[PDB]
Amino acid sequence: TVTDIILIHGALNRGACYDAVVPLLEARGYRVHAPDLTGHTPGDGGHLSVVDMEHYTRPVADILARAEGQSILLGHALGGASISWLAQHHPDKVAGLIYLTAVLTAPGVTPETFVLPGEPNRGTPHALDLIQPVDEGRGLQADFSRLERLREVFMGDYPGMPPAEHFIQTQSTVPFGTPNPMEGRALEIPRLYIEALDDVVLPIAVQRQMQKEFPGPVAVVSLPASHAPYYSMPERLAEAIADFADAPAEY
């Protein structure tokens, strides 16, 4: 029943960031997607172009529409906020949810609740520190005065640096404010959390707090990884992805 797997980029990234993995999941027989979200394609308008989440996530919904059977939505970092939103609006069309060191918020809880300082086990002080407001506050951009610091925190995973086709310049604050609207059939959908144990953007302590705070069971797999599992262990990540799309409920 599960024909398609859809990989979804986090803040200030692009679908290309997944290139190490797309062939590995194609091998296991799926149709593999790594779209760019609205405002994440150079020359598509940029961060200000994105009205809301329905508009931010439309490129995936388009795919989900064209799927032949079921689909699996993976999200990375802020990408978790998207697959949660889509799950509620296409629960017929998606058969499982992967949150790859991603933001998973209980219904009604926004992603900033965990990005911002809070108790208990909430916030990402490294990420707020290297990501600054721009455009009178309606976009976020990295802090290029500290490039090596940017690499240590976000690109540590890359062997050796990541290519330019992986990132964008400024990110819309739309997914940050919009709460998780999941309900009903949406919550039936199986859930798995791949957590990067060595992530210091989104620290393991915050990763578990979200699983705990989320109503209902979340299956869990654990990668000894930095911020990006895909860069440093595409195989290990690809396997645990394709084992989940083989049988999401049992897994």
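One-based numbering along the sequence shown.
Counting the deposited residues that fall between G160 and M161 and carry no coordinates gives a value of 1 to 3. On average the C-alpha atoms of 112-120 have higher B-factors than those of the other stretch, with 112-120 and 99-107 being the two compared. Mean CA B-factor, 12-20 versus 236-244: the higher value falls on 236-244. Reading the B-factor column for the CA atoms of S172, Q169, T178, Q132 in the entry, the top value corresponds to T178. Residue-level inspection of the entry shows that, of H76, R149, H126, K93, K93 has the top Cα B-factor. Among all modelled residues in this chain, the alpha-carbon of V218 has a temperature factor (C-alpha) in the middle third. For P42, the recorded CA temperature factor ranks within the middle third of the chain's modelled residues. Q88 sits in the middle third of its chain by CA B factor, as recorded in the PDB entry. Among the modelled residues of its chain, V206 has a C-alpha B-factor that falls in the lowest third, as given in the PDB entry. Ranked by C-alpha B-factor against the other modelled residues of its chain, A34 falls in the lowest third.
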